[PDB]
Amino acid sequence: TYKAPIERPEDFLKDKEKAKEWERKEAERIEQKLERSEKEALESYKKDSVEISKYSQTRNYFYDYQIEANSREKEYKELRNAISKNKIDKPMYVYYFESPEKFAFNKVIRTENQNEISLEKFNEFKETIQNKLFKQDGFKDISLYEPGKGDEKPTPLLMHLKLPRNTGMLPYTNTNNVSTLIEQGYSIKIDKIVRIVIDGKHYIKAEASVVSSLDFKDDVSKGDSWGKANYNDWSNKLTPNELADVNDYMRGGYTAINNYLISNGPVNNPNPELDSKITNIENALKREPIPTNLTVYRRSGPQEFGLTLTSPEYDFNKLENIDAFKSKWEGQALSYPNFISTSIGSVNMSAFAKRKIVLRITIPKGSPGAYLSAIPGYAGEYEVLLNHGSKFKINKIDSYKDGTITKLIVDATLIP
């Protein structure tokens, strides 16, 4: 056991005084560890906060060069670095109010003036969040204690999140107040909800935990090293026939295979040669299953979501189109008859420059898949191939501006 510089429990619970006392001592202690550029980034954060956090949520979806050249990138890196100066030595339970719309719950739990949360609403919220992972991203201020009477309580939903060991946490002073900054960047699972009473009103307290995953975001180099560490020896694990079919697929055979699968060819017009290729590629993907929870990115064309390039509903620059898209797909399963190519990185690429839908997939540990880019003779980069017939549960949809074009981030989970 590491003896921490300033002792604390994992959860301060309702003890505001003890949490605030510890938070102030920590803010002072970490300030002493911060570089000049990091302290300066923290000063800029106190004066912007909203724009700096918004930037941190979608910065990784642009081209690698657009990221570097962005005017907010240096401040993002300095503030990110400041938070990583305090990776916690043991878990910490945190608290924050959240909008139920964050979990795609679009009904009202209760109004600000209503005191009660009906069992009807409570159970409807439970059904929306149960058995789902939700990606949380960007800079966020959180509390170290359960809010009470004399605390701001802006929504009927209170998150009680266990932050694991080594999560960066930045306690900092802001004039006469103290707060804690985190950068998020994980999947959460809401294990349990309970109706609690704070000052004569019902609130839903959501017991959430971080479900760890690898998510390289724009760091394609780190993603590539991971893929190569786990799949450099993959082609040698295959039979010569499995490898020849994987290579044939990668070398442009994907068109005949994926069109055959999409058109339901194995049922309406069976092709034994193509069926054998599908069987071998599928078996190859089951040889070395994804070893850990892994987040991948796919730049999707409109056809994957029943649209075309000229469809008016594909104009996400109109709010009614984002609303119609979210209503149709959030909480739904998306099935792919074809093999699905994805990247370990979220960056935009010339090949997919204009695609407006970013499918952000969490692959559970043990799923079929392979890092195809670890193959020697293959040119294709950062590629994880997923098995044909994969179904993806869409948890949440978000929008972002890519210049003048609104694009969507579809947060989905590969379902077994």
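One-based numbering along the sequence shown.
Legend: mean Cα B-factor per stretch from the PDB entry, 212 to 220 versus 142 to 150; the higher mean is in 142 to 150. For the pair 325 to 333 and 110 to 118, the mean B factor over Cα atoms is greater in 110 to 118. Listed residues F62, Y371, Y55, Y45 were ranked by CA B-factor as deposited; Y45 comes out on top.
Across the residues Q184, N232, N269, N280, the deposited record lists the maximum Cα B factor for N269. For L294, the recorded CA B-factor ranks within the lowest third of the chain. Only modelled residues enter the ranking. In the deposited entry, the Cα temperature factor of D275 places it in the highest third of its chain's modelled residues. The entry lists a Cα temperature factor for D315 that places it in the highest third of the chain's modelled residues. Per the deposited record, the Cα B-factor of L157 falls in the middle third when ranked against the other modelled residues of its chain. In the PDB entry, a CA B factor belonging to the highest third of its chain's modelled residues is recorded for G306.
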